[PDB]
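Peer 1: As input, take query24.txt (compact mmCIF, C-alpha atoms):
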# COMPACT_ATOMS: atom_id res chain seq x y z
CA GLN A 1 -13.22 -21.31 7.07
CA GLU A 2 -16.79 -19.97 7.06
CA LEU A 3 -15.55 -16.38 6.77
CA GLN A 4 -14.57 -17.13 3.16
CA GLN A 5 -17.95 -18.73 2.45
CA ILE A 6 -19.77 -15.66 3.81
CA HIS A 7 -17.52 -13.40 1.73
CA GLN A 8 -18.22 -15.48 -1.40
CA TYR A 9 -21.98 -15.42 -0.82
CA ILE A 10 -22.01 -11.64 -0.27
CA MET A 11 -19.85 -11.35 -3.39
CA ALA A 12 -22.17 -13.43 -5.58
CA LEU A 13 -25.18 -11.46 -4.32
CA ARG A 14 -23.78 -8.35 -6.04
CA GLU A 15 -24.13 -9.76 -9.56
CA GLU A 16 -26.83 -12.42 -9.07
CA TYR A 17 -29.48 -9.70 -8.72
CA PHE A 18 -27.91 -6.34 -9.68
CA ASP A 19 -26.34 -4.99 -12.87
CA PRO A 20 -24.07 -2.08 -11.83
CA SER A 21 -22.61 0.25 -14.46
CA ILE A 22 -18.99 -0.94 -14.31
CA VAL A 23 -17.19 -3.93 -12.81
CA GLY A 24 -13.76 -2.47 -12.11
CA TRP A 25 -15.00 0.08 -9.58
CA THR A 26 -16.74 -2.82 -7.81
CA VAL A 27 -14.45 -5.85 -7.85
CA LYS A 28 -11.32 -3.93 -6.82
CA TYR A 29 -13.40 -2.34 -4.07
CA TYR A 30 -14.59 -5.84 -3.19
CA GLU A 31 -10.97 -6.96 -2.88
CA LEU A 32 -10.41 -4.14 -0.39
CA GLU A 33 -13.15 -5.68 1.75
CA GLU A 34 -11.38 -9.04 1.55
CA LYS A 35 -8.31 -7.32 2.98
CA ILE A 36 -10.26 -6.46 6.13
CA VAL A 37 -11.65 -10.00 6.06
CA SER A 38 -8.07 -11.29 5.96
CA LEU A 39 -7.32 -8.99 8.90
CA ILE A 40 -10.16 -10.61 10.84
CA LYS A 41 -8.76 -14.00 9.84
CA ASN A 42 -5.36 -12.87 11.10
CA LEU A 43 -6.83 -11.95 14.48
CA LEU A 44 -8.40 -15.41 14.66
CA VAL A 45 -4.96 -16.97 14.21
CA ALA A 46 -3.57 -14.72 16.93
CA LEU A 47 -6.45 -15.73 19.19
CA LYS A 48 -5.52 -19.38 18.67
Please go through the file and, once you have read it, give me the structure as structure tokens.
Peer 2:
Amino acid sequence: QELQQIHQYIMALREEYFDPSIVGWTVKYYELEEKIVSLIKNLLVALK
């Protein structure tokens, strides 16, 4: 459960202090990271 909270905090840190040029190159990229996060989540389930 805390994996998602860490992901959300790291995600909010991108816009709470920085103003990058475009959003699409970022957010989609961000979603890619979530994929790996999901993968980690998956492993957790397997571990259980």
Peer 1: Could you pull the residues within 9 Å of residue 3 (chain A), counting all atoms listed in the file, minus those fewer than 5 positions along the same chain, as a list in words?
Peer 2: residues 8, 37, 40 and 41 of chain A
Peer 1: Give me the residues within 12 Å of residue 6 (chain A) as a VMD selection string, counting only C-alpha atoms and dropping any in the same chain fewer than 6 places off.
Peer 2: chain A and resid 12 to 13 34 37
Peer 1: Residues near residue 33 (chain A), anyone? I mean within 12 Å using only C-alpha atoms, not counting same-chain ones fewer than 3 positions away, as a PyMOL selection string.
Peer 2: chain A and resi 4+7-8+10-11+26-30+36-40
Peer 1: Can you measure CA of residue 2 (chain A) to CA of residue 35 (chain A) for me? One decimal in Å is fine.
Peer 2: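 Distance reported for this atom pair: 15.8 Å.
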Peer 1: Just the number, please: distance in Å from CA of residue 32 (chain A) to CA of residue 19 (chain A), one decimal.
Peer 2: 20.3 Å
Peer 1: Please compute the CA of residue 1 (chain A)-CA of residue 18 (chain A) distance, one decimal, in Å.
Peer 2: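 One can read the CA of residue 1 (chain A) to CA of residue 18 (chain A) distance as 26.8 Å.
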Peer 1: Output region 1-15 of chain A with N, CA and C atoms present, as a PDB file, keeping the file's coordinate frame.
Peer 2:
ATOM      1  N   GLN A   1     -12.851 -20.794   8.387  1.00  0.00           N
ATOM      2  CA  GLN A   1     -13.220 -21.310   7.070  1.00  0.00           C
ATOM      3  C   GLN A   1     -14.528 -20.709   6.575  1.00  0.00           C
ATOM      4  N   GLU A   2     -15.495 -20.493   7.470  1.00  0.00           N
ATOM      5  CA  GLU A   2     -16.790 -19.970   7.060  1.00  0.00           C
ATOM      6  C   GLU A   2     -16.745 -18.487   6.727  1.00  0.00           C
ATOM      7  N   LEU A   3     -15.715 -17.771   7.190  1.00  0.00           N
ATOM      8  CA  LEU A   3     -15.550 -16.380   6.770  1.00  0.00           C
ATOM      9  C   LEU A   3     -15.472 -16.276   5.249  1.00  0.00           C
ATOM     10  N   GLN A   4     -14.701 -17.164   4.617  1.00  0.00           N
ATOM     11  CA  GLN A   4     -14.570 -17.130   3.160  1.00  0.00           C
ATOM     12  C   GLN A   4     -15.888 -17.458   2.478  1.00  0.00           C
ATOM     13  N   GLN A   5     -16.652 -18.406   3.027  1.00  0.00           N
ATOM     14  CA  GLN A   5     -17.950 -18.730   2.450  1.00  0.00           C
ATOM     15  C   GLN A   5     -18.908 -17.540   2.538  1.00  0.00           C
ATOM     16  N   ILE A   6     -18.923 -16.847   3.678  1.00  0.00           N
ATOM     17  CA  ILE A   6     -19.770 -15.660   3.810  1.00  0.00           C
ATOM     18  C   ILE A   6     -19.333 -14.584   2.825  1.00  0.00           C
ATOM     19  N   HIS A   7     -18.019 -14.383   2.687  1.00  0.00           N
ATOM     20  CA  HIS A   7     -17.520 -13.400   1.730  1.00  0.00           C
ATOM     21  C   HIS A   7     -17.942 -13.762   0.309  1.00  0.00           C
ATOM     22  N   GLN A   8     -17.840 -15.043  -0.055  1.00  0.00           N
ATOM     23  CA  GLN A   8     -18.220 -15.480  -1.400  1.00  0.00           C
ATOM     24  C   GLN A   8     -19.712 -15.298  -1.642  1.00  0.00           C
ATOM     25  N   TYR A   9     -20.543 -15.595  -0.640  1.00  0.00           N
ATOM     26  CA  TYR A   9     -21.980 -15.420  -0.820  1.00  0.00           C
ATOM     27  C   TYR A   9     -22.343 -13.945  -0.981  1.00  0.00           C
ATOM     28  N   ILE A  10     -21.780 -13.078  -0.133  1.00  0.00           N
ATOM     29  CA  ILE A  10     -22.010 -11.640  -0.270  1.00  0.00           C
ATOM     30  C   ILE A  10     -21.502 -11.152  -1.623  1.00  0.00           C
ATOM     31  N   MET A  11     -20.416 -11.753  -2.113  1.00  0.00           N
ATOM     32  CA  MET A  11     -19.850 -11.350  -3.390  1.00  0.00           C
ATOM     33  C   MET A  11     -20.756 -11.740  -4.550  1.00  0.00           C
ATOM     34  N   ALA A  12     -21.282 -12.965  -4.517  1.00  0.00           N
ATOM     35  CA  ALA A  12     -22.170 -13.430  -5.580  1.00  0.00           C
ATOM     36  C   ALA A  12     -23.488 -12.669  -5.570  1.00  0.00           C
ATOM     37  N   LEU A  13     -23.945 -12.230  -4.393  1.00  0.00           N
ATOM     38  CA  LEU A  13     -25.180 -11.460  -4.320  1.00  0.00           C
ATOM     39  C   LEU A  13     -25.109 -10.158  -5.108  1.00  0.00           C
ATOM     40  N   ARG A  14     -23.907  -9.612  -5.315  1.00  0.00           N
ATOM     41  CA  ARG A  14     -23.780  -8.350  -6.040  1.00  0.00           C
ATOM     42  C   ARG A  14     -24.211  -8.481  -7.491  1.00  0.00           C
ATOM     43  N   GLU A  15     -23.841  -9.579  -8.147  1.00  0.00           N
ATOM     44  CA  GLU A  15     -24.130  -9.760  -9.560  1.00  0.00           C
ATOM     45  C   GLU A  15     -25.314 -10.678  -9.828  1.00  0.00           C
TER      46      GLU A  15
END
